[PDB]
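Notes to accompany the following structure.
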Amino acid sequence: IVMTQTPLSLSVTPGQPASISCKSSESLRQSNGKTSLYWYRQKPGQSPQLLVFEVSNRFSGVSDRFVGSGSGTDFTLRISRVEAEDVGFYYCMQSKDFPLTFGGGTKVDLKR
Amino acid sequence: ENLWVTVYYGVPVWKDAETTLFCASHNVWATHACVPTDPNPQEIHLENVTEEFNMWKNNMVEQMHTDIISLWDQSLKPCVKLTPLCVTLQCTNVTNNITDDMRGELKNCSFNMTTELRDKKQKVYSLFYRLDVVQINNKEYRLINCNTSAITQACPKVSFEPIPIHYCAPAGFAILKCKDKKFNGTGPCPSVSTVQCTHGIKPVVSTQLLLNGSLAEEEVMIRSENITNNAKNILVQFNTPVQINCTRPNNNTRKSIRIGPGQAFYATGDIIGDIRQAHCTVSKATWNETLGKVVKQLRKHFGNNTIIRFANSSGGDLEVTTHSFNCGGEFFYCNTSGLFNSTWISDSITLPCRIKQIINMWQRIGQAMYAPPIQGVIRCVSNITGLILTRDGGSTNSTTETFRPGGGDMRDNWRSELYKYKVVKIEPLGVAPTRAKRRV
Amino acid sequence: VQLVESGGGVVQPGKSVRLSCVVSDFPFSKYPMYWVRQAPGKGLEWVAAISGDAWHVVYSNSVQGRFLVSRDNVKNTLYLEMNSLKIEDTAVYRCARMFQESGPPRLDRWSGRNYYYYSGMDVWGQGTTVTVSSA
Amino acid sequence: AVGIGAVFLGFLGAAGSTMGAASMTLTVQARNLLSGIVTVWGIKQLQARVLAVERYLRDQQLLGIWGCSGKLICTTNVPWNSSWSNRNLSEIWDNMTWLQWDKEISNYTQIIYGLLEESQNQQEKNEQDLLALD
Amino acid sequence: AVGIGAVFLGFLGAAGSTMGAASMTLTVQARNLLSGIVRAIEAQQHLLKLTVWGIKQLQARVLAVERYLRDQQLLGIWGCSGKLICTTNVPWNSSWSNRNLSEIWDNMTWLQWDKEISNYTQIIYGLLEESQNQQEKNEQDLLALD
Amino acid sequence: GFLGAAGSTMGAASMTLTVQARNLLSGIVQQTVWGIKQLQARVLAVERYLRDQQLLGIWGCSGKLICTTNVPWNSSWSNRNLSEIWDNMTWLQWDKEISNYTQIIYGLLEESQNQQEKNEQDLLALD
Ligand SMILES: *[C@@H]1O[C@H](CO[C@@H]2O[C@@H](C)[C@@H](O)[C@@H](O)[C@@H]2O)[C@@H](O[C@@H]2O[C@H](CO)[C@@H](O[C@@H]3O[C@H](CO[C@H]4O[C@H](CO)[C@@H](O)[C@H](O)[C@@H]4O[C@@H]4O[C@H](CO)[C@@H](O)[C@H](O)[C@H]4NC(C)=O)[C@@H](O)[C@H](O[C@H]4O[C@H](CO)[C@@H](O[C@@H]5O[C@H](CO)[C@@H](O)[C@H](O)[C@H]5NC(C)=O)[C@H](O)[C@@H]4O[C@@H]4O[C@H](CO)[C@@H](O[C@@H]5O[C@H](CO)[C@H](O)[C@H](O)[C@H]5O)[C@H](O)[C@H]4NC(C)=O)[C@@H]3O)[C@H](O)[C@H]2NC(C)=O)[C@H](O)[C@H]1NC(C)=O
Ligand SMILES: *[C@@H]1O[C@H](CO[C@@H]2O[C@@H](C)[C@@H](O)[C@@H](O)[C@@H]2O)[C@@H](O[C@@H]2O[C@H](CO)[C@@H](O[C@@H]3O[C@H](CO[C@H]4O[C@H](CO[C@@H]5O[C@H](CO)[C@@H](O[C@@H]6O[C@H](CO)[C@H](O)[C@H](O)[C@H]6O)[C@H](O)[C@H]5NC(C)=O)[C@@H](O)[C@H](O)[C@@H]4O[C@@H]4O[C@H](CO)[C@@H](O[C@@H]5O[C@H](CO)[C@H](O)[C@H](O)[C@H]5O)[C@H](O)[C@H]4NC(C)=O)[C@@H](O)[C@H](O[C@H]4O[C@H](CO)[C@@H](O)[C@H](O)[C@@H]4O)[C@@H]3O)[C@H](O)[C@H]2NC(C)=O)[C@H](O)[C@H]1NC(C)=O
Ligand SMILES: *[C@@H]1O[C@H](CO)[C@@H](O[C@@H]2O[C@H](CO)[C@@H](O[C@@H]3O[C@H](CO[C@H]4O[C@H](CO)[C@@H](O)[C@H](O)[C@@H]4O)[C@@H](O)[C@H](O[C@H]4O[C@H](CO)[C@@H](O)[C@H](O)[C@@H]4O[C@H]4O[C@H](CO)[C@@H](O)[C@H](O)[C@@H]4O)[C@@H]3O)[C@H](O)[C@H]2NC(C)=O)[C@H](O)[C@H]1NC(C)=O
Ligand SMILES: *[C@@H]1O[C@H](CO)[C@@H](O[C@@H]2O[C@H](CO)[C@@H](O[C@@H]3O[C@H](CO)[C@@H](O)[C@H](O)[C@@H]3O)[C@H](O)[C@H]2NC(C)=O)[C@H](O)[C@H]1NC(C)=O
Ligand SMILES: *[C@@H]1O[C@H](CO)[C@@H](O[C@@H]2O[C@H](CO)[C@@H](O)[C@H](O)[C@H]2NC(C)=O)[C@H](O)[C@H]1NC(C)=O
Ligand SMILES: *[C@@H]1O[C@H](CO)[C@@H](O[C@@H]2O[C@H](CO)[C@@H](O)[C@H](O)[C@H]2NC(C)=O)[C@H](O)[C@H]1NC(C)=O
Ligand SMILES: *[C@@H]1O[C@H](CO)[C@@H](O[C@@H]2O[C@H](CO)[C@@H](O)[C@H](O)[C@H]2NC(C)=O)[C@H](O)[C@H]1NC(C)=O
Ligand SMILES: *[C@@H]1O[C@H](CO)[C@@H](O[C@@H]2O[C@H](CO)[C@@H](O)[C@H](O)[C@H]2NC(C)=O)[C@H](O)[C@H]1NC(C)=O
Ligand SMILES: *[C@@H]1O[C@H](CO)[C@@H](O[C@@H]2O[C@H](CO)[C@@H](O)[C@H](O)[C@H]2NC(C)=O)[C@H](O)[C@H]1NC(C)=O
Ligand SMILES: *[C@@H]1O[C@H](CO)[C@@H](O)[C@H](O)[C@H]1NC(C)=O
Ligand SMILES: *[C@@H]1O[C@H](CO)[C@@H](O)[C@H](O)[C@H]1NC(C)=O
Ligand SMILES: *[C@@H]1O[C@H](CO)[C@@H](O)[C@H](O)[C@H]1NC(C)=O
Ligand SMILES: *[C@@H]1O[C@H](CO)[C@@H](O)[C@H](O)[C@H]1NC(C)=O
Ligand SMILES: *[C@@H]1O[C@H](CO)[C@@H](O)[C@H](O)[C@H]1NC(C)=O
Ligand SMILES: *[C@@H]1O[C@H](CO)[C@@H](O)[C@H](O)[C@H]1NC(C)=O
Ligand SMILES: *[C@@H]1O[C@H](CO)[C@@H](O)[C@H](O)[C@H]1NC(C)=O
Ligand SMILES: *[C@@H]1O[C@H](CO)[C@@H](O)[C@H](O)[C@H]1NC(C)=O
Ligand SMILES: *[C@@H]1O[C@H](CO)[C@@H](O)[C@H](O)[C@H]1NC(C)=O
Ligand SMILES: *[C@@H]1O[C@H](CO)[C@@H](O)[C@H](O)[C@H]1NC(C)=O
């Protein structure tokens, strides 16, 4: 099962809302009653850190700018109040079936 | 020979019966709420089992036919009866920026009709197809079903996009499945496995081809009842699917007019720009390779050096002539004389299509449905899996086999998916002799 | 929580090693563990995953016929082995943990078949890298 | 995100095995007789559930009238009549499946039922009250 | 060309007979509480979905099942389940009759006996329930000293 | 009493369950739109009672209400000591401490029922 990021990358500016999609290739409505889409971000030279699980459910100990969205057709993200700490790579990840697959890459920076 | 008898329990014994099905998993195909479940029914494979099957005997096809007719009847109840439409139509032709091949289809007609007030009338005009209106005796023509059964409307909140359906079995019963990938419709199967529910089944309606269907495991196979008979339809099942575009290039509008207390009607507005012709487009060489594989399998049962040819449709009714399908929630009838033109010895293709509004049924003259004109532009991509063939006779020294289209009833279409399954009643009880004896 | 990824190095093709991964600060008998992979200048890649009670194991599409992974519940210590290496198998090898606590297995009363349940991750450690080289 | 860990027998897996060996999987069927739930559609749901109830009660009644109720397999005191088959005790238990034996004896069912009912009534219950008094 | 042959006891074959002899056709008599039509009913079992008439047939079948459950459950309350007959430990009250057994077991039938004893009913049910309770579990708890 | 032993310890309410058993030996004794619901209610009641009687009748425990069997209790399901269970725990807490391993316990009872009790009985019948 494959999965694509949409779009590739973007340079952003403060005082602006954000939205980053990740197009599915199937619909992953679990028999438990939800869909297995997780996000987690890394920073350069560092380890990844978990963004959002349960499609739309912010991880524990995370600022309120991070929530989730979308259903089994396709998915998005939701970030307000763009800050320089929110740069790096953002990956979407399948956790339904073996083998797993990953989002490609989202380069995020400021604007010059 | 002092022998007595035991009475066992739960021995694995089969019988056969007919029973009632069981569903599993705003639209009126299934429900919003059929049965919620653990939707992974695990296949269980057997050992040392050979079981006779049969085809064209399936109770399940008849249950599916009755269930789909019942749900389709369940849909059309609460909607609006269209009785004030059988009136006289003063008409005129369409002119503005038209392709000359589309001359004759559309007509601008007007009439009188009452509003929700029972005391006045109005002036209502719309646009109709040529294939839906008929002359009475300027162009005073009447509506095609006003000689016969009444006319109804469909409620606009209901789409027609099909959803897969899993059949399951009630307890005390079981379903079997043939694992042999080379099973012509009748005869025995040497590899049997059981499931508690079946795979997804899309109830898709078409006349001549098959759309969105299943593939075959290996190759192209050929199914029919009595191939020595010429009065049997023949089932075709491909190995590799073929893409097809079909779309409506025109760009549509729709009004909305009150006719009665709590009753309103959906009339057609106008069109921006040109007046074009809907059509379909396929590949070419894959069609040639497909028919090559077809005649390769065909020479395995007829005369190999007998000439293999294709004819056109032999005429008859408009229904089995064209190719019905339901892309975009609308019904298209395609002039398909081009695809069946070839002889055989031992990239783009254009096919124009037509649309109707008043749509009979499976085979009933007791109803009439009037779908509303869908605003906008409609595109549709689908696969192609199967075909339906007939054959003449007159065995005059084994020459010139020519085939034609066919596909009358939908039971063949629902044997196309259900060519494997069989229902078994379970007998738990049973006895056998022994050497033991009950003791006081 | 404590989770290290030891075991860097450099080898020629055709070798056999042993890898370690030290855990702390969770009841180790309950959780599943994964093995992810990050090529240099690239994205991520999944490799392998061991069950919670250390009885079920799955691999990626590549190394089915190469690898071996095993769990020590007593020492709370993961052991990985990678055999018959290739130079193009150079990447970042990390030892990370599933978020969600799994539970006991389920036994259906329909032909038994004990089933397991997995989900994605929350915590990544620092990492390590063995570059399979030639000279 | 699942795995498979098969331990026990299949539902009707032993059907292609021999009778004296396939006699040891009799539990699974009676384990799986009254489950599956574990407008028109609910109508036929209730229809199916009622049919299952009726067949299970029918077979438990046939168990209960005989003196082989509650428990599994048992004995009796009806000696075998050789007018039905005449095998020599190895060809059945080691060389025959169940569908074969069912097609061999599917004409003599009701007589065997009636004679078991006869010996269950007679000399078992009036005889009991004979033994219940000096 | 249908010819008939040998015979058996049959349904209701002893309703006008001596009770001491008619006591042995209980099997065939008691089989047909859930049947009597033991024949292609299944088609009308299937297609009667959109009417009240199959609903009433459903009423009838469920009611018959419940009547069988009421009888078997009430026997199951007593310690005589899974049997045809059982003796017990309630002494008979000779207020109810003083006929000798030689008239009942030889020159009396079942419907006669029904019309005789038809008022002593619930007293007998209560006494049987009492002896199936008193010392059937209490002294059995005292018989559970191992 | 009708569910009278609620707020008690399992070892505390370990003697007077027979009065509960006789009092739970009732329910059908002492007898349009709504009738559809009534029918469905009767169906549910019949199905639950038959479920319980089937699961009793498969095992060797279908006579008395307490019984013994031939399964050694595996220490993988729980690990608590005996007096710790019988004097410091209710029923609901024990329920939530066991309600994942239940099906395996059922299957082990089933196999212990089939094996070494009926075919073994069949070999014991031959003299
Ligand atoms: C049985 O079984 C079951 C299951 O099963 C079922 O059933 C059956 C019948 C069958 O059917 C099957 O199939 C089914 O499924 C089981 O269950 C289980 O349980 C468990 C418990 O144990 C669980 O787990 C958990 O999880 C969680 C999550 O999840 C949750 O949540 C969510 C949301 O909310 C949801 O959704 C879910 O669902 C859940 O919930 C829940 O669920 C349940 C189920 O049903 C229910 O019941 C309930 O109710 C619910 N609830 C709610 C509320 O909702 C997770 O998260 C967790 O984890 C956590 O926690 C733990 C505990 O605490 C921890 O650990 C800890 O740690 C620490 C550190 O330091 C230490 O100190 C301590 O000691 C420890 N403890 C212990 C005990 O160990 C962990 O770790 C965690 O924690 C966390 O961590 C993190 C990391 O990261 C952190 O974070 C952080 O933070 C910071 C600040 O904040 C910063 O920010 C950073 O950055 C970050 O990172 C945090 O903090 C922490 N926390 C705190 C608080 O702190 C748990 O684990 C599961 O889930 C279940 N399952 C399922 C499936 O679900 C059972 O068990 C069995 N058995 C019996 C007997 O019963
Ligand atoms: C109580 O209880 C308990 C519990 O139980 C549990 O739980 C419950 C709840 C339920 O669930 C149940 O079910 C469970 O079970 C119990 O316990 C139990 O027990 C039993 C007995 O008793 C057991 O059984 C057993 O099993 C086993 C298994 O095994 C496995 O493995 C093997 C191998 O091994 C390996 O080796 C290697 C080499 O050495 C290693 O490595 C190493 O390691 C070290 C340390 O660790 C280090 O680290 C280094 O570095 C490295 O290198 C490893 O580790 C190991 N592993 C282990 C685990 O051990 C083999 O051989 C086998 O075969 C097995 O295998 C497996 O298998 C599976 C199945 O098949 C598989 O899976 C798969 O998967 C895929 C994917 O998906 C697919 O699916 C397929 O299909 C499948 O198949 C996997 O993969 C595999 N793996 C591997 C790794 O391989 C066995 O073995 C055993 O047996 C033995 O013994 C016998 C005797 O006779 C012999 O014969 C044989 O031969 C052998 O030897 C047994 O059977 C179980 O397990 C348990 N459990 C657990 C969990 O554990 C108890 O018991 C109770 N109690 C009483 C009293 O009973
Ligand atoms: C064989 O199998 C294939 C595979 O499924 C199947 O193809 C699918 O056919 C359906 C039917 O046409 C297609 O579904 C339609 O798609 C269009 C296109 O929109 C999509 O793409 C655009 C791209 O810009 C996206 O922006 C958009 O979000 C969609 O993803 C839709 O317009 C259709 O939606 C209308 O119909 C629905 C059903 O009623 C409505 O709920 C929906 O709201 C839309 O109706 C609305 O129309 C007006 C405009 O808004 C409005 O005024 C109305 O009030 C009404 O609300 C529909 O989703 C699907 O894309 C096809 N998939 C592929 C892969 O081709 C074949 O049809 C099938 N074979 C046969 C014979 O059926
Ligand atoms: C569309 O359907 C028609 C219906 O048969 C297919 O046949 C074509 O019909 C036209 C008539 O509109 C033929 O043109 C002329 O017909 C008269 C009388 O039929 C006759 O003198 C000649 O045949 C003349 O050409 C046309 O020839 C005929 N073509 C064929 C191949 O039969 C038509 O083929 C269908 N088109 C498509 C693209 O499916
Ligand atoms: C619609 O209603 C009009 C109104 O009466 C009718 O047409 C009339 O027909 C009579 C008889 O020929 C003429 O004298 C009137 O001049 C017509 N009036 C109009 C406005 O056309 C008739 O019932 C309907 N006419 C049409 C065209 O549908
Ligand atoms: C009702 O009227 C329609 C016409 O509006 C009839 O259709 C006839 O169809 C045949 C073909 O079978 C044509 O040859 C005739 O020319 C048509 N009639 C006319 C007047 O054009 C239809 O048969 C009629 N049905 C009934 C039951 O009366
Ligand atoms: C032809 O199609 C276009 C788009 O497919 C329609 O354009 C819309 O026009 C309305 C009003 O004219 C606007 O409110 C929409 O925003 C337009 N949509 C887009 C995507 O541009 C146009 O109306 C269609 N024409 C007809 C006759 O149906
Ligand atoms: C199928 O193709 C044939 C042959 O192309 C068409 O036959 C026409 O039949 C009419 C009346 O018999 C003749 O006047 C025409 O000359 C024939 N056509 C040609 C090209 O000779 C037939 O109409 C086609 N049918 C369909 C439904 O397309
Ligand atoms: C048989 O039944 C009768 C009636 O139920 C019992 O007669 C009662 O006896 C008690 C004392 O034994 C008196 O107090 C009652 O007044 C009597 N009833 C009537 C209506 O007068 C009789 O005791 C019972 N015999 C046995 C042995 O149980
Ligand atoms: C499939 O067709 C062949 C040829 O007509 C014939 O044997 C029979 O109809 C089917 N095959 C079998 C093995 O029954
Ligand atoms: C059907 O098959 C039989 C046997 O091959 C053949 O004799 C007969 O002609 C066939 N056709 C019919 C009945 O139309
Ligand atoms: C159908 O049309 C769409 C849009 O032009 C195109 O992407 C697709 O490839 C077409 N398919 C075929 C078979 O021409
Ligand atoms: C037809 O010819 C092919 C090869 O030319 C041969 O294999 C096949 O058996 C022949 N079939 C018939 C029916 O003549
Ligand atoms: C039909 O076939 C004939 C000869 O086989 C050819 O002349 C004609 O062009 C063909 N028509 C189409 C639409 O392919
Ligand atoms: C059964 O007995 C007969 C004679 O009693 C003998 O001829 C035959 O071989 C025996 N068969 C077996 C299978 O023991
Ligand atoms: C009454 O029935 C018994 C047996 O059922 C029979 O012996 C007797 O002759 C019958 N009475 C008459 C008057 O026939
Ligand atoms: C019962 O028999 C005895 C012994 O002849 C006799 O004294 C008594 O009167 C009889 N009683 C009845 C009710 O027949
Ligand atoms: C019943 O029969 C016996 C013996 O023939 C006789 O003594 C007795 O009086 C009869 N009963 C009646 C009420 O006549
Ligand atoms: C037995 O229970 C006591 C407390 O009741 C506990 O201290 C002890 O560890 C337990 N021993 C075992 C072997 O479970």
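Neighbour counts run over all protein chains shown; Cβ positions are idealised from the backbone, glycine included. Values in this text are rule-based calculations from the coordinates and carry no lab data.
Here are a few things to note about the model shown:
- Exactly one residue out of F:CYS67, F:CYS61 is loosely packed, with under 15 Cβ neighbours inside 10 Å and part of a loop (DSSP other than H, G, I, E, B): that is F:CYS67.
- Scanning region E:31-40 finds no residues that are part of a helix (DSSP H, G or I) and more than 14 Å from chain D (Cβ to nearest Cβ).
- Any hit, region E:41-56, residues being outside any loop (DSSP other than H, G, I, E, B) and touching a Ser or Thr at 6+ places or on another chain (Cβ under 6 Å): yes
- Count - residues of region A:58-112 that are of a type in the set (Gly, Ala, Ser), assigned to a loop (DSSP other than H, G, I, E, B) and out of contact with any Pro (no Cβ under 7 Å at 6 or more places or on another chain): 9
- Any hit, region D:30-46, residues being touching a strand residue (DSSP E or B) at 6+ places or on another chain (Cβ under 6 Å) and closer than 28 Å to F:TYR49 by Cβ: yes
- Taking each residue of region E:89-117 that is within 14 Å of chain D (Cβ to nearest Cβ) and closer than 25 Å to E:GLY79 by Cα and looking for partners that are outside any loop (DSSP other than H, G, I, E, B) and more than 11 Å from ligand 17 (Cβ to nearest atom) with beta-carbon atoms closer than 7 Å, six or more apart or interchain, yields E:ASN89/E:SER131.
- Here B:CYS34 meets the list (1) part of a loop (DSSP other than H, G, I, E, B); (2) more than 8 Å from chain D (Cβ to nearest Cβ); (3) over 25 Å from C:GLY112 (Cα atoms) almost entirely, failing just condition (2).
- B:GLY386 vs. criteria away from chain A (no Cβ under 14 Å), surrounded by 13 or more Cβ atoms within 10 Å (Cβ to Cβ), within 16 Å of ligand 12 (Cβ to nearest atom) and not in a loop (DSSP other than H, G, I, E, B): no
- Flag if A:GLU54 is farther than 15 Å from A:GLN5 by Cα and not in a loop (DSSP other than H, G, I, E, B): no
- Of residues in region E:128-146 being of a type in the set (A, V, I, L, M) and assigned to a helix (DSSP H, G or I), the one nearest to the other protein chains (Cβ to nearest Cβ): E:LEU142
- Test set (1) more than 7 Å from chain B (Cβ to nearest Cβ); (2) in contact with a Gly (Cβ under 8 Å, 6 or more places away or on another chain); (3) under 28 Å from B:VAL35 (Cα atoms) - D:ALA52 fails condition number: (1)
- Among (1) more than 9 Å from chain D (Cβ to nearest Cβ); (2) under 24 Å from the mean Cα position of the chain (by Cα); (3) surrounded by 16 or more Cβ atoms within 10 Å (Cβ to Cβ); (4) assigned to a loop (DSSP other than H, G, I, E, B), the one test that B:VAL61 misses: (4)
- Filter pass, B:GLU330 being of a type in the set (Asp, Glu) and within 16 Å of ligand 3 (Cβ to nearest atom): yes
- For the residues C:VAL130, C:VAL74, C:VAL63, the requirement of being touching a strand residue (DSSP E or B) at 6+ places or on another chain (Cβ under 8 Å) and in a loop (DSSP other than H, G, I, E, B) singles out C:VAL63.
- Condition check for A:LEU50: surrounded by 15 or more Cβ atoms within 10 Å (Cβ to Cβ) and facing another protein chain (nearest Cβ under 9 Å): yes
- Those residues of region C:43-60 which are within 14 Å of chain A (Cβ to nearest Cβ) and in a loop (DSSP other than H, G, I, E, B), in sequence order: C:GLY43, C:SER51, C:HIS56, C:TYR59, C:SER60
- All positions within region C:68-109 that are of a type in the set (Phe, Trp, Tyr) and away from every other protein chain (no Cβ under 14 Å): C:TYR79
- D:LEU72 vs. criteria buried (at least 17 other Cβ atoms within 10 Å of the Cβ), more than 7 Å from every other protein chain (Cβ to nearest Cβ) and among the aliphatic types (A, V, I, L, M): no
- Residue tally, condition assigned to a loop (DSSP other than H, G, I, E, B) and surrounded by 17 or more Cβ atoms within 10 Å (Cβ to Cβ), over region B:107-128: 0
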